[PDB]
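J.: Handing you this structure, nothing more for now.
Every residue, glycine as well, gets a Cβ built from its backbone with ideal geometry; the counts of neighbours run over all protein chains shown. Each reported figure results from applying straightforward, stated rules to the coordinates on display, with no laboratory input.
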Amino acid sequence: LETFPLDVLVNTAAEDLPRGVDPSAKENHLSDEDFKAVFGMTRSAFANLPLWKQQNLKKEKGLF
């Protein structure tokens, strides 16, 4: 699993995204610290939200 800075995951062109990042699950590529800062809940709690809600939260945060 490759992790990248929040700014890189948010501000990179699709074709320029590092090969090791799943574009549909950018949150998995954030460090634990960045995930905590961005979402404010544990990774498990976030994964337990309906998919559409995970997506909606990510849209405004630039991670969709």
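J.: I need the GluC sites (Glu not before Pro) found in the chain, filtered to DSSP loop residues with at most 16 other beta carbons within 10 Å of theirs.
T.: For GluC sites (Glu not before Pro) across the chain that sit outside H, G, I, E and B with at most 16 neighbouring Cβ atoms in 10 Å, the list reads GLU2.
J.: Using only the alpha-carbon atoms, how far is helix 51-60 inclined from the longest principal axis of the chain? Give it as 0 to 90 degrees, nearest 10.
T.: 60 degrees
J.: Pairs of Cα atoms under 8 Å, at least six residues apart: use those to get the relative contact order of the chain, whole percent.
T.: Worked out over the chain, it gives 38 percent.
J.: Among the trypsin sites (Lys or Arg not before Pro) in the stretch 14-57, which ones are in a DSSP loop with at most 15 other Cβ atoms within 10 Å of the Cβ? Mind listing them?
T.: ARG19
J.: So what is the orientation-averaged projected area of the chain, using the convex hull of its C-alpha atoms, in nm²?
T.: Reported value for the Cα convex hull: 4.0 nm².
J.: If you don't mind, another one. So what is the 222 nm mean residue ellipticity for the chain from helices alone, if each DSSP H run of at least 4 adds -39500 (n - 2.57) and you divide by all residues, rounding to the nearest 500 deg cm²/dmol? Don't skip to the answer; put the middle values down first.
T.: Working: 4 runs with 28 residues, N = 64.
-11000 deg cm²/dmol, from helical runs alone.
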